[PDB]
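**Q** Dumping the structure here so I can ask a few things about it.
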Amino acid sequence: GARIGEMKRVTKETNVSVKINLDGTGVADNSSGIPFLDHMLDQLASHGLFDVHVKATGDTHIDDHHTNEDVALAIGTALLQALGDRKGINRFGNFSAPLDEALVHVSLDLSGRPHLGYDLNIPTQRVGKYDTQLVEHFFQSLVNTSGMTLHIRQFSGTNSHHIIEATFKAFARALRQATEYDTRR
Amino acid sequence: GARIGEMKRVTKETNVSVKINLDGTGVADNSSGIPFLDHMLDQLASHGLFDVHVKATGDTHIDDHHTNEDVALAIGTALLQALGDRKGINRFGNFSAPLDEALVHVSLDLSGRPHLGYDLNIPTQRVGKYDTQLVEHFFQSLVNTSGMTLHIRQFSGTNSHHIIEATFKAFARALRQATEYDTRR
Amino acid sequence: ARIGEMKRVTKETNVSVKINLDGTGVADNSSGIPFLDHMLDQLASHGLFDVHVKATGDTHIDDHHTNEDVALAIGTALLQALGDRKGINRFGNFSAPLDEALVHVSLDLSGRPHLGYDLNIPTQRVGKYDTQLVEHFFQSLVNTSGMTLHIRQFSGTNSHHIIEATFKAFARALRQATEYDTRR
Amino acid sequence: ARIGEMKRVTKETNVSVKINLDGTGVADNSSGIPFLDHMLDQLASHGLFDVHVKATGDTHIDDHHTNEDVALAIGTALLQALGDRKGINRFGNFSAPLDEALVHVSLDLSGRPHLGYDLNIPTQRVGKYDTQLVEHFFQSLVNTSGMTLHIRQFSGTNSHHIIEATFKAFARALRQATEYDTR
Amino acid sequence: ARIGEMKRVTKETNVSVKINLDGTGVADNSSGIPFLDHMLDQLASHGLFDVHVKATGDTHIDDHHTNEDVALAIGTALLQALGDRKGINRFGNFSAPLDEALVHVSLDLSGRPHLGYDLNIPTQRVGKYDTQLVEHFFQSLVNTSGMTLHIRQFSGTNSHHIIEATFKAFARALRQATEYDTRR
Amino acid sequence: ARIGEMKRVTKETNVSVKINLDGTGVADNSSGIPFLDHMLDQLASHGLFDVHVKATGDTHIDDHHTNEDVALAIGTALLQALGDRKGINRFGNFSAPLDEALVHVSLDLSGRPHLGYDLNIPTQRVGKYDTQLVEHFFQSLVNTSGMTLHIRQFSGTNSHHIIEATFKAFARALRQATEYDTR
Ligand SMILES: [Mn+2]
Ligand SMILES: [Mn+2]
Ligand SMILES: [Mn+2]
Ligand SMILES: [Mn+2]
Ligand SMILES: [Mn+2]
Ligand SMILES: [Mn+2]
Ligand SMILES: [Mn+2]
Ligand SMILES: [Mn+2]
Ligand SMILES: [Mn+2]
Ligand SMILES: [Mn+2]
Ligand SMILES: [Mn+2]
Ligand SMILES: [Mn+2]
């Protein structure tokens with residue numbers, strides 16, 4: 001069957017609905033209220049071959065922080081639900097993704113023990129309207145609810161959009177590897 | 001009885017109305033024209049158990065500075081009015097508040113002598129649309145009209161929203177302690 | 001009374017934990033690691049928790065797996081005992097001196113795990129206990145309890161004093177956080 | 001009420017101290033050192049102790065011997081008042097601002113004496129009071145009371161403010177440590 | 001089979017290239033530069049490409065023009081063989097050891113040319129081959145293939161080892177990128 | 001199945017090793033060194049090798065000779081199992097995290113021995129296991145297997161985590177290198 005996780009999370013700050021298919025075809029259906037995060041979630045779908053559905057409304061008139069955090073939390077929980085007992089999967093994923101001058105390596109373990117090692121050097125404070133501090137917070141929150149070990153390391157890069165997008169491409173392809181089944185097991 | 005302070009302050013730049021209940025239940029009713037400041041004033045209510053009512057219109061088309069300053073000034077005066085003779089209260093308040101990776105300590109004395117010692121290190125210039133320089137100015141203006149001694153010290157923190165929100169949480173809980181009655185007196 | 005229980009059996013360890021947040025300081029700790037037992041006793045005596053920990057494990061390899069699985073189980077029991085966390089102080093703060101050592105702990109039963117760890121332990125072993133396991137104990141406890149936890153050493157030169165002051169401060173900060181806020 | 005009393009007569013000093021741990025803030029301090037009297041008053045006012053200190057001594061030499069013997073007697077009086085120390089909070093913590101100064105005090109009525117002292121007092125005299133005597137006051141008090149005491153300055157430029165904030169923080173930390181743990 | 005061919009004749013050089021992306025490792029390289037031939041052989045043996053390169057040029061001046069025009073022609077042949085690039089892995093990564101040398105290559109058949117080049121080659125000549133030509137080879141190949149290419153040396157002291165490890169890693173990363181993604 | 005077996009008896013040690021390159025993760029490790037047994041188990045679990053190690057030795061001196069002779073025998077057993085090394089991937093690469101630790105392993109079953117070792121293990125003992133023996137284990141394994149082996153730590157503060165991540169990465173890199181290149 002297909003491993004699908006779903007989470008609806010409604011707080012005073014945000015209203016979030018997430019659906020992810022680990023065995024998808026790359027369907028991207030993201031409307032988080034944060035356009036740049038939508039663009040990154042689209043890359044998660046296209047490069048991981050996940051089906052990624054995210055719909056959120058939130059207090060973005062304050063800033064994007066609460067929406068960003070609650071979407072990441074919901075995605076992490078949906079990933080955890082889809083993974084189930086995690087029997088027979090590769091479990092580990094590794095990928096170095098270039099995007100022009102940027103190069104970011106991601107290494108991860110669907111271990112059940114949350115840890116984020118974050119070593120990006122994003123040189124500007126905003127990409128579009130998106131606060132670049134929210135990139136670290138997105139992956140921290142996703143790690144916290146999914147229970148994964150996640151290491152993100154920038155080897156090259158000067159354009160903030162390129163650095164962040166390379167991160168999502170590498171994360172997407174590393175996560176695809178980790179979630180795929182180990183045929184020898 | 002309940003200690004309630006009220007101040008309406010109308011200038012060429014701003015029109016401000018403030019009502020604070022030191023003996024409240026955490027009612028938050030904040031519409032300052034500055035959404036991030038509203039969010040921080042909500043935390044003042046929820047974490048201090050103050051009832052906090054703030055309504056302001058102002059020249060936010062110039063920037064948020066005048067509104068931020070006049071709201072803080074009015075709040076400080078309302079706090080001073082609510083405190084009265086300050087007989088029998090704890091007078092001093094201390095609290096260290098974490099918010100994820102951030103940790104901010106606040107120490108204060110309802111002394112009648114204004115002083116702000118401000119030692120935050122906010123790494124970005126805007127949270128949402130809110131100019132992070134306005135955090136220091138908010139507490140300076142509040143100190144000036146309330147007459148309190150206020151020390152704010154950041155021990156940890158990398159996310160600007162977390163640092164500022166931890167500051168308001170610690171301030172709220174320190175102020176609650178300082179305003180509560182000393183039963184032994 | 002808010003009581004949490006967790007029994008966790010792996011190929012490496014067999015762990016049973018019961019904690020009473022509204023206890024009287026009953027300490028009943030046999031983790032297989034004597035120094036950790038001594039620290040868990042302080043949790044009970046200084047936090048006024050009832051703490052029951054029983055574990056066997058592959059300590060012939062090292063104390064790592066037992067230390068980790070005990071901490072994981074305690075965090076889950078703490079989360080279970082806390083329930084909806086309604087009406088509690090939620091935050092706790094305490095600076096504990098122990099002779100020349102002074103350690104501050106600040107914590108929030110927020111549901112969001114984070115460990116900020118700033119101890120400077122000068123030796124590698126207290127008794128047989130590997131001092132690297134102190135950080136791993138609190139990291140694992142944070143991961144299953146959902147706590148925000150900051151530990152900062154302001155003074156200290158004896159490793160036993162530094163670690164014990166940490167547990168005393170943690171115990172008293174956790175007691176404060178779990179107690180009820182009368183106004184709420 | 002938990003009252004401690006100590007009369008200490010040396011060739012240098014004649015000191016009488018009485019402290020009520022369960023007092024109301026009664027301050028009656030005449031040590032022969034006016035600034036120390038002001039500080040002991042803050043101990044009563046902010047700790048809600050009743051503090052009676054009367055001393056004569058060889059202040060024509062300097063204030064050192066009087067300062068030392070007063071602190072020794074206070075520490076003994078405090079220990080006597082504490083008794084078996086059963087049921088008390090035992091630990092005390094407080095950060096006290098005084099304008100630009102901010103001093104944290106953490107203590108444990110442990111029975112094991114230790115002073116950790118980290119003030120940065122920028123002048124040598126407040127009035128006629130030698131600022132070296134602040135450290136010696138707390139060291140001697142720790143020696144006879146047997147308490148663990150940590151004093152840390154986080155802010156401060158005025159010597160009077162720094163020292164007064166220290167006594168305010170010490171008084172409130174000591175009040176917390178001597179009070180009963182209701183649970 | 002995806003086969004690319006390019007014949008490029010200038011006043012300086014006469015170059016003919018044919019590459020089979022779905023080959024068996026057939027190596028047929030006579031560029032006029034023996035060390036480059038040795039490197040192009042590794043492209044075939046380690047990438048399982050069929051690589052045919054024949055060039056004559058003004059090597060009596062130096063190897064520069066031949067090196068550049070060979071690399072330009074290979075990049076064009078690679079682009080021609082790739083076609084619409086539909087359904088392929090697109091990205092390739094490989095770290096190749098060669099004794100003490102270790103070189104990582106990461107590439108994307110993105111269509112956007114970029115060379116990130118971080119080798120530290122300690123000598124100026126391997127045989128008769130000027131080691132400045134290594135960077136120019138990959139820069140020229142990137143320019144005509146439309147590839148994003150990052151080359152990073154993690155270890156290495158022998159220039160022949162460093163350069164050969166680079167071509168082995170490039171060959172295996174390129175093989176991965178050109179192979180088909182079964183799920184797509 | 002590709003099985004290698006080596007029995008090595010010195011005046012210091014008596015070692016028997018059997019490895020199945022095409023195994024299912026069967027772990028049967030009794031080297032006399034409990035932490036090394038734990039690491040060899042990870043080799044089986046994460047590499048899907050069948051790993052049988054039985055050794056007795058002069059561990060009353062220290063673990064060095066046992067550690068060394070076990071690694072030598074494993075390297076020989078691996079080489080014997082590889083045979084002509086025809087049709088295999090030959091190269092292996094893997095980055096393995098373990099909580100805060102992250103270790104990359106790159107190797108080539110080249111026949112030319114080399115160890116490039118860049119770990120930063122912050123303590124001298126994990127349990128009773130001397131952490132100097134990690135480098136010596138891989139150096140000896142390289143010497144008898146003839147492999148090119150590069151080990152690089154990118155992150156890590158806990159010695160147990162760093163060493164375990166190294167074995168996980170080595171096991172998965174070795175699995176990749178021994179598997180058949182289908183094309
Ligand atoms: Mn947040
Ligand atoms: Mn883009
Ligand atoms: Mn202004
Ligand atoms: Mn917020
Ligand atoms: Mn561990
Ligand atoms: Mn002890
Ligand atoms: Mn003296
Ligand atoms: Mn004064
Ligand atoms: Mn040129
Ligand atoms: Mn060669
Ligand atoms: Mn040796
Ligand atoms: Mn282990």
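Ligands are numbered from 1 in the order shown, chains are lettered A, B, ... in the order of the structure tokens, and residues start at 1 in each chain.
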Run DSSP on the backbone and grab whatever in chain C lands in alpha helix (DSSP H); send it over as a ChimeraX atom specification.

**A** /C:34-47,64-82,132-145,159-178

**Q** Which neighbours of residue 18 (chain C) fall inside 9 Å, counting only C-alpha atoms, when residues of the same chain fewer than 5 positions from it are skipped, and could you give them as a list in words?

**A**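 These residues fall inside the cut-off: residues 3, 4, 5, 6, 7, 50, 51, 52, 53, 74, 77 and 78 of chain C.
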
**Q** What does the file look like for those residues with C-alpha atoms, as a PDB file, in the first residue's frame?

**A**
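Dumped to result.pdb:
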ATOM      1  CA  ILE C   3       1.698   9.497  38.793  1.00  0.00           C
ATOM      2  CA  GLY C   4       3.576   8.451  35.659  1.00  0.00           C
ATOM      3  CA  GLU C   5       4.817   4.957  34.838  1.00  0.00           C
ATOM      4  CA  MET C   6       6.869   3.626  31.946  1.00  0.00           C
ATOM      5  CA  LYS C   7       8.296   0.167  31.353  1.00  0.00           C
ATOM      6  CA  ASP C  50       8.538   9.995  44.546  1.00  0.00           C
ATOM      7  CA  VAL C  51      11.071   8.438  42.161  1.00  0.00           C
ATOM      8  CA  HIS C  52      11.218   4.689  41.467  1.00  0.00           C
ATOM      9  CA  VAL C  53      13.745   3.542  38.857  1.00  0.00           C
ATOM     10  CA  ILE C  74      11.794   9.119  33.000  1.00  0.00           C
ATOM     11  CA  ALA C  77       6.754   9.048  32.798  1.00  0.00           C
ATOM     12  CA  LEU C  78       7.015  12.785  33.530  1.00  0.00           C
TER      13      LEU C  78
END

**Q** Taking only C-alpha atoms into account, find every residue of chain A that has an atom no more than 10 Å from chain F, and write it out as a count of residues only.

**A** 22

**Q** Would you mind listing the residues within 10 Å of ligand 7, counting only C-alpha atoms and all ligand atoms, as a list in words?

**A** residues 64, 65, 66, 67, 68, 69, 133, 136, 137, 139 and 140 of chain D

**Q** Can you list, as a PDB file with N, CA and C atoms, in the first residue's frame, every protein, DNA or RNA residue that comes within 9 Å of residue 53 (chain B) when you count only C-alpha atoms, leaving out same-chain residues fewer than 3 positions away?

**A**
ATOM      1  N   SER B  17      -5.338  54.658  24.187  1.00  0.00           N
ATOM      2  CA  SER B  17      -6.118  54.374  25.384  1.00  0.00           C
ATOM      3  C   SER B  17      -5.611  53.059  25.963  1.00  0.00           C
ATOM      4  N   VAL B  18      -5.288  53.061  27.256  1.00  0.00           N
ATOM      5  CA  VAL B  18      -4.747  51.895  27.944  1.00  0.00           C
ATOM      6  C   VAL B  18      -5.526  51.662  29.232  1.00  0.00           C
ATOM      7  N   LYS B  19      -5.811  50.391  29.532  1.00  0.00           N
ATOM      8  CA  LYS B  19      -6.379  49.982  30.816  1.00  0.00           C
ATOM      9  C   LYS B  19      -5.701  48.688  31.246  1.00  0.00           C
ATOM     10  N   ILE B  20      -5.120  48.669  32.446  1.00  0.00           N
ATOM     11  CA  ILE B  20      -4.451  47.477  32.962  1.00  0.00           C
ATOM     12  C   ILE B  20      -4.993  47.155  34.354  1.00  0.00           C
ATOM     13  N   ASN B  21      -5.281  45.875  34.591  1.00  0.00           N
ATOM     14  CA  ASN B  21      -5.695  45.362  35.893  1.00  0.00           C
ATOM     15  C   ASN B  21      -4.539  44.531  36.441  1.00  0.00           C
ATOM     16  N   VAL B  27      -6.869  38.682  30.798  1.00  0.00           N
ATOM     17  CA  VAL B  27      -7.652  39.115  29.646  1.00  0.00           C
ATOM     18  C   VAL B  27      -6.768  39.956  28.732  1.00  0.00           C
ATOM     19  N   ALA B  28      -6.696  39.576  27.456  1.00  0.00           N
ATOM     20  CA  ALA B  28      -5.848  40.270  26.489  1.00  0.00           C
ATOM     21  C   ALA B  28      -6.727  40.914  25.429  1.00  0.00           C
ATOM     22  N   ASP B  29      -6.618  42.240  25.289  1.00  0.00           N
ATOM     23  CA  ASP B  29      -7.474  43.011  24.378  1.00  0.00           C
ATOM     24  C   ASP B  29      -6.626  44.134  23.783  1.00  0.00           C
ATOM     25  N   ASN B  30      -5.755  43.774  22.841  1.00  0.00           N
ATOM     26  CA  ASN B  30      -4.724  44.681  22.355  1.00  0.00           C
ATOM     27  C   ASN B  30      -4.879  44.913  20.864  1.00  0.00           C
ATOM     28  N   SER B  31      -5.045  46.185  20.487  1.00  0.00           N
ATOM     29  CA  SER B  31      -5.134  46.612  19.093  1.00  0.00           C
ATOM     30  C   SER B  31      -4.400  47.949  18.999  1.00  0.00           C
ATOM     31  N   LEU B  41       2.015  42.207  23.886  1.00  0.00           N
ATOM     32  CA  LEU B  41       1.131  42.633  24.959  1.00  0.00           C
ATOM     33  C   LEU B  41       0.177  41.514  25.360  1.00  0.00           C
TER      34      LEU B  41
END

**Q** To check your reading of the model: which residues sit at most 7 Å from ligand 12 when counting only C-alpha atoms and all ligand atoms? Write the answer as a PyMOL selection string.

**A** (chain C and resi 65) or (chain F and resi 38+160+164)

**Q** Could you take the residues named above and write them with C-alpha atoms, as a PDB file, in the first residue's frame?

**A**
ATOM      1  CA  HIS C  65      22.618   2.496  26.826  1.00  0.00           C
TER       2      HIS C  65
ATOM      3  CA  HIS F  38      29.121  -4.036  20.086  1.00  0.00           C
ATOM      4  CA  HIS F 160      30.443   6.306  21.916  1.00  0.00           C
ATOM      5  CA  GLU F 164      29.441   3.857  16.575  1.00  0.00           C
TER       6      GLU F 164
END

**Q** Using only C-alpha atoms, find the residues of chain E whose closest atom to chain A is at most 8 Å away, then write them as a list in words.

**A**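 Selected residues: residues 91, 93, 106, 107, 108, 112, 113, 114, 115, 116, 148, 149, 150, 183 and 184 of chain E.
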
**Q** Skip region 105-117 of chain D itself and residues of its chain fewer than 4 positions away, then list as a PDB file with C-alpha atoms, in the first residue's frame all residues within 8 Å of it, counting only C-alpha atoms.

**A**
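Saved as result.pdb:
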ATOM      1  CA  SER C  95      20.193  28.326  41.236  1.00  0.00           C
ATOM      2  CA  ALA C  96      21.670  25.633  43.454  1.00  0.00           C
ATOM      3  CA  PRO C  97      24.978  26.051  45.254  1.00  0.00           C
ATOM      4  CA  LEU C  98      26.969  23.042  46.338  1.00  0.00           C
ATOM      5  CA  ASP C  99      30.115  24.322  48.054  1.00  0.00           C
ATOM      6  CA  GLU C 100      32.118  26.049  45.307  1.00  0.00           C
TER       7      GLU C 100
ATOM      8  CA  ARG D  90      17.261  25.817  53.279  1.00  0.00           C
ATOM      9  CA  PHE D  91      18.200  27.417  49.948  1.00  0.00           C
ATOM     10  CA  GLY D  92      17.748  31.062  49.027  1.00  0.00           C
ATOM     11  CA  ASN D  93      18.160  32.945  45.728  1.00  0.00           C
ATOM     12  CA  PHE D  94      17.562  36.571  44.864  1.00  0.00           C
ATOM     13  CA  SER D  95      18.661  39.145  42.280  1.00  0.00           C
ATOM     14  CA  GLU D 135      34.117  40.732  51.346  1.00  0.00           C
ATOM     15  CA  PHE D 138      30.477  37.987  54.329  1.00  0.00           C
ATOM     16  CA  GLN D 139      33.507  35.710  54.703  1.00  0.00           C
ATOM     17  CA  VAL D 142      29.943  32.360  56.401  1.00  0.00           C
ATOM     18  CA  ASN D 143      32.647  31.051  58.745  1.00  0.00           C
ATOM     19  CA  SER D 145      27.086  30.402  60.296  1.00  0.00           C
ATOM     20  CA  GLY D 146      28.401  27.541  58.173  1.00  0.00           C
ATOM     21  CA  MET D 147      26.486  28.639  55.087  1.00  0.00           C
ATOM     22  CA  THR D 148      27.336  28.245  51.419  1.00  0.00           C
ATOM     23  CA  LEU D 149      27.157  31.764  49.950  1.00  0.00           C
ATOM     24  CA  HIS D 150      27.597  32.939  46.344  1.00  0.00           C
ATOM     25  CA  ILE D 151      27.529  36.669  45.491  1.00  0.00           C
ATOM     26  CA  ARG D 152      27.723  37.754  41.832  1.00  0.00           C
ATOM     27  CA  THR D 166      24.253  43.007  47.707  1.00  0.00           C
ATOM     28  CA  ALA D 169      19.747  40.449  47.727  1.00  0.00           C
ATOM     29  CA  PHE D 170      21.396  38.697  50.684  1.00  0.00           C
ATOM     30  CA  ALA D 173      17.753  35.253  49.882  1.00  0.00           C
ATOM     31  CA  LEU D 174      18.324  34.687  53.599  1.00  0.00           C
ATOM     32  CA  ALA D 177      16.144  30.155  53.108  1.00  0.00           C
TER      33      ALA D 177
END

**Q** Show me which residues line ligand 2, defined as having an atom within 9 Å of a ligand atom where only C-alpha atoms and all ligand atoms count, and present them as a VMD selection string.

**A** chain A and resid 36 39 to 40 43 161 to 162 164 to 165

**Q** Provide as a list in words the residues of chain B at most 9 Å from chain A, counting only C-alpha atoms.

**A** residues 34, 35, 36, 37, 38, 39, 124, 125, 126, 127, 128, 129, 130, 158, 159, 160 and 161 of chain B

**Q** Would you write out those residues with N, CA, C and O atoms, as a PDB file, in the first residue's frame?

**A**
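Saved result, part24.pdb, follows:
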ATOM      1  N   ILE B  34       0.063  47.939  15.777  1.00  0.00           N
ATOM      2  CA  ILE B  34       1.318  47.237  15.537  1.00  0.00           C
ATOM      3  C   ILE B  34       1.104  45.778  15.912  1.00  0.00           C
ATOM      4  O   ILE B  34       1.142  45.422  17.088  1.00  0.00           O
ATOM      5  N   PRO B  35       0.888  44.901  14.928  1.00  0.00           N
ATOM      6  CA  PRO B  35       0.509  43.511  15.249  1.00  0.00           C
ATOM      7  C   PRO B  35       1.509  42.762  16.119  1.00  0.00           C
ATOM      8  O   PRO B  35       1.097  41.988  16.997  1.00  0.00           O
ATOM      9  N   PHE B  36       2.818  42.941  15.895  1.00  0.00           N
ATOM     10  CA  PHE B  36       3.765  42.210  16.725  1.00  0.00           C
ATOM     11  C   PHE B  36       3.742  42.726  18.159  1.00  0.00           C
ATOM     12  O   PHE B  36       3.820  41.940  19.110  1.00  0.00           O
ATOM     13  N   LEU B  37       3.613  44.043  18.344  1.00  0.00           N
ATOM     14  CA  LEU B  37       3.483  44.563  19.700  1.00  0.00           C
ATOM     15  C   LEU B  37       2.206  44.048  20.362  1.00  0.00           C
ATOM     16  O   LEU B  37       2.209  43.740  21.559  1.00  0.00           O
ATOM     17  N   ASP B  38       1.109  43.944  19.601  1.00  0.00           N
ATOM     18  CA  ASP B  38      -0.106  43.330  20.142  1.00  0.00           C
ATOM     19  C   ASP B  38       0.182  41.927  20.668  1.00  0.00           C
ATOM     20  O   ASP B  38      -0.275  41.549  21.754  1.00  0.00           O
ATOM     21  N   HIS B  39       0.895  41.126  19.871  1.00  0.00           N
ATOM     22  CA  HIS B  39       1.257  39.768  20.272  1.00  0.00           C
ATOM     23  C   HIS B  39       2.068  39.769  21.564  1.00  0.00           C
ATOM     24  O   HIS B  39       1.869  38.914  22.435  1.00  0.00           O
ATOM     25  N   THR B 124      18.366  40.259  14.028  1.00  0.00           N
ATOM     26  CA  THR B 124      17.759  40.749  12.793  1.00  0.00           C
ATOM     27  C   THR B 124      17.071  42.084  13.034  1.00  0.00           C
ATOM     28  O   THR B 124      16.765  42.447  14.174  1.00  0.00           O
ATOM     29  N   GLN B 125      16.816  42.816  11.936  1.00  0.00           N
ATOM     30  CA  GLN B 125      16.306  44.177  12.055  1.00  0.00           C
ATOM     31  C   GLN B 125      14.784  44.247  12.075  1.00  0.00           C
ATOM     32  O   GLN B 125      14.239  45.229  12.593  1.00  0.00           O
ATOM     33  N   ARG B 126      14.094  43.212  11.588  1.00  0.00           N
ATOM     34  CA  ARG B 126      12.634  43.189  11.527  1.00  0.00           C
ATOM     35  C   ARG B 126      12.125  41.823  11.950  1.00  0.00           C
ATOM     36  O   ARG B 126      12.609  40.802  11.457  1.00  0.00           O
ATOM     37  N   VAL B 127      11.123  41.803  12.825  1.00  0.00           N
ATOM     38  CA  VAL B 127      10.311  40.614  13.050  1.00  0.00           C
ATOM     39  C   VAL B 127       8.939  40.919  12.454  1.00  0.00           C
ATOM     40  O   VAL B 127       8.242  41.829  12.914  1.00  0.00           O
ATOM     41  N   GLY B 128       8.574  40.213  11.387  1.00  0.00           N
ATOM     42  CA  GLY B 128       7.435  40.670  10.606  1.00  0.00           C
ATOM     43  C   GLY B 128       7.760  42.044  10.066  1.00  0.00           C
ATOM     44  O   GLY B 128       8.829  42.261   9.491  1.00  0.00           O
ATOM     45  N   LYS B 129       6.856  43.003  10.293  1.00  0.00           N
ATOM     46  CA  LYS B 129       7.119  44.396   9.957  1.00  0.00           C
ATOM     47  C   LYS B 129       7.672  45.190  11.131  1.00  0.00           C
ATOM     48  O   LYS B 129       7.985  46.369  10.966  1.00  0.00           O
ATOM     49  N   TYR B 130       7.816  44.568  12.300  1.00  0.00           N
ATOM     50  CA  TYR B 130       8.178  45.281  13.520  1.00  0.00           C
ATOM     51  C   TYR B 130       9.683  45.513  13.569  1.00  0.00           C
ATOM     52  O   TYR B 130      10.458  44.560  13.527  1.00  0.00           O
ATOM     53  N   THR B 158      18.934  32.799  19.442  1.00  0.00           N
ATOM     54  CA  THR B 158      19.308  33.111  18.067  1.00  0.00           C
ATOM     55  C   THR B 158      18.141  33.580  17.214  1.00  0.00           C
ATOM     56  O   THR B 158      18.375  34.292  16.230  1.00  0.00           O
ATOM     57  N   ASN B 159      16.910  33.232  17.560  1.00  0.00           N
ATOM     58  CA  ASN B 159      15.744  33.656  16.794  1.00  0.00           C
ATOM     59  C   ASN B 159      15.196  34.932  17.422  1.00  0.00           C
ATOM     60  O   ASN B 159      14.879  34.953  18.613  1.00  0.00           O
ATOM     61  N   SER B 160      15.077  35.990  16.617  1.00  0.00           N
ATOM     62  CA  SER B 160      14.672  37.295  17.141  1.00  0.00           C
ATOM     63  C   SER B 160      13.291  37.255  17.785  1.00  0.00           C
ATOM     64  O   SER B 160      13.086  37.828  18.860  1.00  0.00           O
ATOM     65  N   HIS B 161      12.330  36.593  17.140  1.00  0.00           N
ATOM     66  CA  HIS B 161      10.996  36.450  17.722  1.00  0.00           C
ATOM     67  C   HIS B 161      11.076  35.741  19.076  1.00  0.00           C
ATOM     68  O   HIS B 161      10.461  36.186  20.056  1.00  0.00           O
TER      69      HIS B 161
END

**Q** What residues in region 32-139 of chain D get the DSSP label strand (DSSP E)? Please answer as a PyMOL selection string.

**A** chain D and resi 50-57+91-98+101-108+114-118+125-126+129-130
